[PDB]
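*Asks:* here's my sequence, what's the structure:
(one chain, ligands or ions: 2)
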Amino acid sequence: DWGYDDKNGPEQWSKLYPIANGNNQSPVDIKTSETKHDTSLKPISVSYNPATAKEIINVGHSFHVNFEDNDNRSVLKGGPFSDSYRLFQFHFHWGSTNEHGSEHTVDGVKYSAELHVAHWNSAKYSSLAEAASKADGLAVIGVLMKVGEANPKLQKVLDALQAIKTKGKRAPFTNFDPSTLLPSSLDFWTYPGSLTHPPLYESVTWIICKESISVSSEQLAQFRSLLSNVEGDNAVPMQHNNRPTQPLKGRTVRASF
Ligand SMILES: NS(=O)(=O)Oc1ccc(NC(=O)Nc2ccc(Cl)c(C(F)(F)F)c2)cc1
Ligand SMILES: [Zn+2]
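*Replies:* Residues are numbered from 1 along each chain as shown. Ligands and ions are numbered 1, 2, ... in the order given. Sharing the structure here:
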């Protein structure tokens with residue numbers, strides 16, 4: 001039963017999930033001197049319908065904000081893609097202190113947290129479950145979160161956490177467009193990689209934003225005050241859930257800028 005503690009964490013994942021040591025693993029350190037600018041990359045186009053927001057849930061190691069994905073009301077297009085990708089979820093990763101919480105890094109610099117906006121290829125596949133193990137199945141936008149000014153756009157999300165404090169609690173979460181969380185520039189890096197936790201499928205085209213967004217030290221504390229235990233058990237704060245960076249193994253990170 002995988003997690004982020006010393007016994008079940010990222011260094012132990014390879015035992016039940018050998019793909020952990022694979023050739024398209026994520027996250028990575030983006031070295032800007034080694035990126036290749038690609039003129040064939042189109043701008044990123046997001047069009048999300050706030051009516052597709054459904055539910056927020058505490059999953060023990062993190063929390064997820066899920067979207068209705070029965071149709072193309074909320075889609076990602078452009079960049080490296082020929083196909084439309086359908087929004088299904090956003091979530092975050094964070095660390096035990098402000099110094100290190102992001103998953104991706106840029107020129108060795110660790111940020112305080114990271115936003116993942118996840119999508120599946122509904123042009124080619126019939127469901128998320130089908131798309132999840134396909135090399136071209138998933139598209140994730142990653143946004144680096146730099147500790148600084150409180151981010152007001154995060155506040156509906158953070159305000160919802162009090163209703164999902166312990167593992168398995170879920171609550172309705174509606175009328176929210178997650179494009180409001182994205183930076184104003186959508187200049188990006190792209191590379192072929194993986195889910196950053198088990199089952200670690202190498203099915204993700206990553207879109208990493210060049211511009212960070214802000215988060216306050218107190219907003220980060222709200223993440224870390226979520227509880228990994230079930231109600232009635234001893235409180236176990238969700239202190240961190242970020243994977244270390246993984247070897248590029250010859251992959252090319254492309255820049256849109
Ligand atoms: N961290 S990451 O890099 O963005 O990766 C993830 C992307 C989405 C999730 N969402 C879940 O609720 N869990 C979840 C669990 C297993 C699988 Cl197979 C998937 C799927 F997306 F592949 F289908 C999603 C979990 C991890
Ligand atoms: Zn993630």
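
*Asks:* isn't residue 104 up against residue 208?
*Replies:* Yes - assessed by CB atoms under 8 Å, residue 104 is found in contact with residue 208 at 5.5 Å. Quick note: C-beta positions are derived from backbone N, CA and C, even for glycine.

*Asks:* what touches both of those two?
*Replies:* Listed as contacting both residue 104 and residue 208 by CB atoms under 8 Å, 6 or more residues apart in numbering are 30, 142, 144.

*Asks:* name the member of those residues with the most neighbours.
*Replies:* In terms of neighbour count, residue 144 stands highest of the shared contacts of residue 104 and residue 208 at 26 neighbours, by other CB atoms under 10 Å.

*Asks:* the host helix or strand of it near ligand 1 at all?
*Replies:* Element membership for residue 144 (DSSP states H and E) is strand 138-147. Yes - applying CB under 6 Å from any ligand atom, one finds strand 138-147 touching ligand 1 at 138, 140.

*Asks:* going along the chain, name the helices of the stretch 51-200 of the chain.
*Replies:* Assigned helices in the stretch 51-200 of the chain, in chain order: 128-131, 155-160 (criterion: DSSP state H, counting those that start in this stretch).

*Asks:* what does the last one rub up against?
*Replies:* Going back to what we said before, that points to helix 155-160. With contact meaning CB under 8 Å, 6+ apart, helix 155-160 is reached by 56, 65, 171, 173, 176, 219, 222.

*Asks:* same thing with the shortest one?
*Replies:* Counting by CB under 8 Å, 6+ apart, the neighbours of helix 128-131 from elsewhere in the structure are 69, 88, 120-122, 124-125, 137-138, 203.

*Asks:* what's residue 127 in contact with, if anything?
*Replies:* Each residue near residue 127 by CB under 8 Å, 6+ apart is listed here: residue 120.

*Asks:* tell me the phi and psi of it?
*Replies:* For residue 127, the backbone dihedrals are phi -160, psi 160 (criterion: degrees, to the nearest 10).

*Asks:* hang on, the earlier thing: filter the contacts of helix 128-131 down to the buried ones.
*Replies:* Listed as buried from those are 69, 88, 120-122, 125, 137-138, 203; burial here means 16 or more other CB atoms under 10 Å.

*Asks:* could the residues you listed be laid out in CSV, adding distance to residue 41?
*Replies:* Formatted as CSV, the buried ones among the contacts of helix 128-131 follow (distance: CB to CB, whole Å):
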residue, distance to residue 41
69, 25
88, 24
120, 21
121, 18
122, 21
125, 23
137, 20
138, 18
203, 20
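
*Asks:* in strands only, show me those.
*Replies:* 88, 120-121, 138 (DSSP state E).

*Asks:* and of these, the nearest to ligand 1?
*Replies:* Using CB to the nearest ligand atom, residue 138 comes nearest to ligand 1 of those, at 5.8 Å.

*Asks:* the closest one: what's it in contact with?
*Replies:* So residue 138 contacts 85, 118-121, 131-132, 195, 201, 203-205 (CB under 8 Å, 6+ apart).

*Asks:* thinking again about what came up before, max pairwise distance over the buried ones among the contacts of helix 128-131: which two?
*Replies:* Greatest spatial distance in the buried ones among the contacts of helix 128-131: 69 and 203, 16.1 Å, computed using CB to CB.
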